[PDB]
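First the structure, in the form of structure tokens, and then the observations on it.
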Ligand SMILES: CC(=O)N[C@@H]1[C@@H](O)[C@H](O[C@@H]2O[C@H](CO)[C@@H](O)[C@H](O)[C@@H]2O)[C@@H](CO)O[C@H]1O
Ligand SMILES: CC(=O)N[C@@H]1[C@@H](O)[C@H](O[C@@H]2O[C@H](CO)[C@@H](O)[C@H](O)[C@@H]2O)[C@@H](CO)O[C@H]1O
């Protein structure tokens, strides 16, 4: 029931390939992905290339995306499209009509927002007749523009961020009705007290909860490369995200997971990949696992943080790397041969402060009491899920999720 | 040499975003309509982030599209000046992702950004060097607007750093295309804004010719009026002002931008204004050329431009000649038919912008300033003034080399 895919980083040109779109290079990339057994790709337009002026959405760029989508479908790959990039791999791609003389908050300016909505509706409507089109993700961790540590953020309130998300997803739904439209925020949404994108936003707006699991976020540094916390980090984000859902079986999509050097050294990447995926597949209701990323980044492109270059499952010339070989069996076995995991009946209480804005959510970050209690329960074999403090004695909430035992971080010690 | 006539080329289909949907036949039709008006050159604009999307990727296809544009121009008798670092165009900043936010690195001082800019300019120049109609490079369109107030987020630099950067950029242009016409082109803050890092000395002493961009929405029309002498003579003023800082007595001054922006120049007055402006400029000797901004109106289906930008063309979106396009063409035809002799300017107004080479009091040259108003009064009186720096006001060798026999101060004119 969990699907298996990759975040597609075009080997020739990286995301700048939209400026030199080569369908045969894309076909060869997708062939090398399909050969490892994946069933979907997550793909990335570059927003200022597609919408260089607020009222110019380039039809040729839309046609190229459709051709990419059709090429993926010929190779047995479904396609999720991320709209607003926005941020990719340390670089911000911002249209000139949003910056300096035209600086206008990405989340609140009425004209920017209507321009974003028309962009997203246009992409979704163009792919709506593709059977392998899964739906849209609003944008790749667009929440990284909304506050620190961004050097120049478009600060917003949680109320403002939620309003914006609902408008963006309405546009996706109007473009492609009935498809799988979601938003996907990086882990500040679960770990930073002040951050305006909240756990509630992730679990209650959009079709599924998307989480992006990256052990350079303090996890590998604090607990160690070969620790239980590092191996279980993706499973933790999946079970943590469930605490805020209103539907007891709302799917959680592990939409990014990668093996970043030096926190996961190259010679440990395959072992880490297998352990991380084994752990997350012991979590019920996982929509899918989508590895970051398909192909190493061309070192002929300068100024990436070193870690970005070697995140591929395939080399830049499409050779299978050790983690690619590894995943291409923690997929064949995970598919077909791995039973859906049993329910997790022990829930750890998550006290994130009252209201829906999670002002104390850093207890969930690496080093926090909720994080460490979850990892302790995990090491003990308890297979924990999570429950909000507000629901810790809510018998209807617990029964709907099959939770029979509730423990606080203090109980765990 | 005699003055040249040309246009700043705004592609009618796609504007400068046409690099993303490059249509050579649309460029050819655009240039056809420009050649019909009798021009002899175009100034053309790469979009820097499209040409160099990563510091170490200068896209071969963008370079080849620029060469194809240059060839289409040469066929039509249009020589080509290429501006490199845009950078700024018509109120929009086009900055590569590798210069901003997480990668914010000063455009003028960061070692890696500056090396990237030099390789980009060298690459463009080398790729066009075999084209006989390639004039040379301009470093970038008013790149000085990134360097301080009123930019909302400037990359600050000292004047010494600005001059060093310019020399490095121009050396790269020269390595790419030896012997061609390489210059830099700064907007009027270089002449008008106290403490602005790009100075009059930089414009008149670095690069092959001095480039001035004349825009009467800079306070000139607002203070003196649309139909005033100051508004009609503003471009000739910048030409003669820029001469004060030249070391060579016959260094050409290129009026590389001049346009008719509404409502400071209403559309119904644009033709009369263009005629008056060009007549005033062509009464100035050693004008390299007049380059009108711009060839084509901007498509109003493109959002968020300041209103004035859309109707700056001499030609409409569908390539029809506008009243100002007819007026400029007639001025060009008149000059080419009569080839009037240049007339020297023997009366010089003293320009005192303070001590040193950084012009700390240059605002006397701005609209409302004592030098500005004295120049316009001498002009109205028919004295045909040039300008001379205070440090040269009694330099007999400097004055004889320019044929200046009369030197007057702003207060002299006050009387
Ligand atoms: C500025 C910076 O590098 N921020 C990073 C994000 O880029 C990163 O986003 C995801 O992680 C991969 C690997 O780093 C990156 O290539 C993609 O942008 C992807 O969307 C984020 C992950 O939590 O971590 C930030 O620190
Ligand atoms: C932010 C802003 O509008 N800055 C303008 C410059 O754009 C302008 O540059 C020149 O003027 C024309 C007409 O405005 C414009 O299309 C081009 O960018 C051109 O290079 C400059 C002129 O001095 O004035 C600034 O205020």
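Here is a list of conditions, (1) more than 16 Å from ligand 2 (Cβ to nearest atom); (2) farther than 30 Å from residue B:168 by Cα; (3) in contact with a strand residue (DSSP E or B) (Cβ under 9 Å, 6 or more places away or on another chain), and residue B:209 meets all of them except one; can you say which number that is?
For residue B:209, the failing item is (2).
Can you tell which of A:237, A:311 is closer than 30 Å to residue A:204 by Cβ and either within 13 Å of ligand 1 (Cβ to nearest atom) or assigned to a helix (DSSP H, G or I) (or both)?
A:237
Do you know which residues across the range A:295-306 are within 14 Å of another protein chain (Cβ to nearest Cβ) and surrounded by 17 or more Cβ atoms within 10 Å (Cβ to Cβ)?
Correct list: A:297, A:298, A:301, A:303, A:304.
Determine which member of the set B:200, B:154, B:150 is in contact with a helix residue (DSSP H, G or I) (Cβ under 7 Å, 6 or more places away or on another chain), within 14 Å of chain A (Cβ to nearest Cβ) and within 16 Å of ligand 2 (Cβ to nearest atom).
B:154
Just to be sure, is residue A:292 crowded, with 21+ Cβ neighbours inside 10 Å, away from ligand 2 (no atom under 16 Å from the Cβ) and in contact (Cβ under 8 Å) with a residue 60 or more places away in the chain?
Yes; evaluated as a whole, the condition is true for this residue.
Among B:109, B:101, B:138, which is the only one that is in contact with a strand residue (DSSP E or B) (Cβ under 6 Å, 6 or more places away or on another chain) and closer than 24 Å to residue B:152 by Cβ?
B:101
Please go through the range B:64-106 and give me each residue that is in contact (Cβ under 8 Å) with a residue 40 or more places away in the chain, closer than 21 Å to residue B:169 by Cα and away from ligand 2 (no atom under 16 Å from the Cβ), ordered by number.
Within the range B:64-106, B:66, B:67, B:80, B:96, B:97, B:98, B:106 meet the criteria.
Can residue A:14 be described as within 14 Å of chain B (Cβ to nearest Cβ), in contact (Cβ under 8 Å) with a residue 40 or more places away in the chain and within 16 Å of ligand 1 (Cβ to nearest atom)?
So residue A:14 fits the description; yes.
Could you please let me know if residue A:39 is touching a residue at least 12 places away in the same chain (Cβ under 8 Å), within 20 Å of the chain's Cα centre (by Cα), away from chain B (no Cβ under 14 Å) and surrounded by fewer than 22 Cβ atoms within 10 Å (Cβ to Cβ)?
So residue A:39 passes the test.
From the set of residues in the range B:107-129 that are in contact (Cβ under 8 Å) with a residue 60 or more places away in the chain and within 30 Å of residue B:39 (Cα to Cα), which is nearest to ligand 1 (Cβ to nearest atom)?
Looking at residues that are in contact (Cβ under 8 Å) with a residue 60 or more places away in the chain and within 30 Å of residue B:39 (Cα to Cα), I get B:120.
Looking at (1) more than 16 Å from ligand 1 (Cβ to nearest atom); (2) within 20 Å of residue B:198 (Cβ to Cβ); (3) surrounded by fewer than 24 Cβ atoms within 10 Å (Cβ to Cβ), can you tell me which one residue B:137 breaks?
Failing condition for residue B:137: (3).
Each row is one residue, and each column tells you yes or no for (1) closer than 28 Å to residue B:28 by Cβ; (2) surrounded by 20 or more Cβ atoms within 10 Å (Cβ to Cβ); (3) within 10 Å of chain A (Cβ to nearest Cβ).
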{"residue": "B:48", "(1), (2), (3)": "yes, yes, no"}
{"residue": "B:54", "(1), (2), (3)": "no, yes, yes"}
{"residue": "B:61", "(1), (2), (3)": "yes, no, yes"}
{"residue": "B:67", "(1), (2), (3)": "yes, no, no"}
{"residue": "B:73", "(1), (2), (3)": "yes, yes, no"}
{"residue": "B:81", "(1), (2), (3)": "yes, yes, no"}
{"residue": "B:88", "(1), (2), (3)": "yes, yes, yes"}
{"residue": "B:105", "(1), (2), (3)": "no, no, yes"}
{"residue": "B:141", "(1), (2), (3)": "yes, yes, no"}
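From the list B:245, B:215, B:254, exactly one residue is within 13 Å of ligand 2 (Cβ to nearest atom), touching a residue at least 24 places away in the same chain (Cβ under 8 Å) and in contact with a strand residue (DSSP E or B) (Cβ under 8 Å, 6 or more places away or on another chain). Which is it?
Exactly one residue qualifies, and that residue is B:215.
Can you tell me how many residues in the range B:44-63 are assigned to a loop (DSSP other than H, G, I, E, B), touching a residue at least 60 places away in the same chain (Cβ under 8 Å) and within 17 Å of residue B:16 (Cα to Cα)?
Residues in the range B:44-63 being assigned to a loop (DSSP other than H, G, I, E, B), touching a residue at least 60 places away in the same chain (Cβ under 8 Å) and within 17 Å of residue B:16 (Cα to Cα): 3 in total.
Filter the range A:181-196 for residues that are more than 12 Å from ligand 1 (Cβ to nearest atom) and either surrounded by fewer than 21 Cβ atoms within 10 Å (Cβ to Cβ) or over 14 Å from the mean Cα position of the chain (by Cα) (or both) and give the result.
If the condition is that a residue be more than 12 Å from ligand 1 (Cβ to nearest atom) and either surrounded by fewer than 21 Cβ atoms within 10 Å (Cβ to Cβ) or over 14 Å from the mean Cα position of the chain (by Cα) (or both), then A:193, A:194, A:195, A:196 are the ones that fit.
Quick test for you: out of A:318, A:325, A:333, pick the one residue that is without any contact (Cβ under 8 Å) to a residue 24 or more places away in the chain and surrounded by fewer than 22 Cβ atoms within 10 Å (Cβ to Cβ).
A:333
List the helices (runs of 4 or more DSSP H) inside the range A:340-413, counting only whole elements, that have at least 3 residues being surrounded by fewer than 16 Cβ atoms within 10 Å (Cβ to Cβ).
Answer list for the range A:340-413: A:395-400.
Taking the stated definitions as given, is residue B:373 out of contact with any helix residue (DSSP H, G or I) (no Cβ under 7 Å at 6 or more places or on another chain) and farther than 22 Å from residue B:287 by Cβ?
yes
Residues are listed down the side, and each one gets a yes or a no for (1) within 23 Å of residue B:354 (Cβ to Cβ); (2) within 16 Å of ligand 1 (Cβ to nearest atom); (3) within 16 Å of the chain's Cα centre (by Cα):
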{"position": "B:145", "(1), (2), (3)": "yes, no, yes"}
{"position": "B:156", "(1), (2), (3)": "yes, no, no"}
{"position": "B:167", "(1), (2), (3)": "no, no, no"}
{"position": "B:208", "(1), (2), (3)": "no, no, yes"}
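Given the conditions (1) within 14 Å of another protein chain (Cβ to nearest Cβ); (2) at positive phi; (3) over 21 Å from the mean Cα position of the chain (by Cα), report the number of the one that residue B:77 does not fulfil.
So the condition that residue B:77 fails would be (1).
Bear in mind these aren't lab numbers, they're just calculated from the coordinates by the rules spelled out. Don't worry about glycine lacking a Cβ; one is built from the backbone with ideal geometry, like all the others, and counts go over all protein chains shown.
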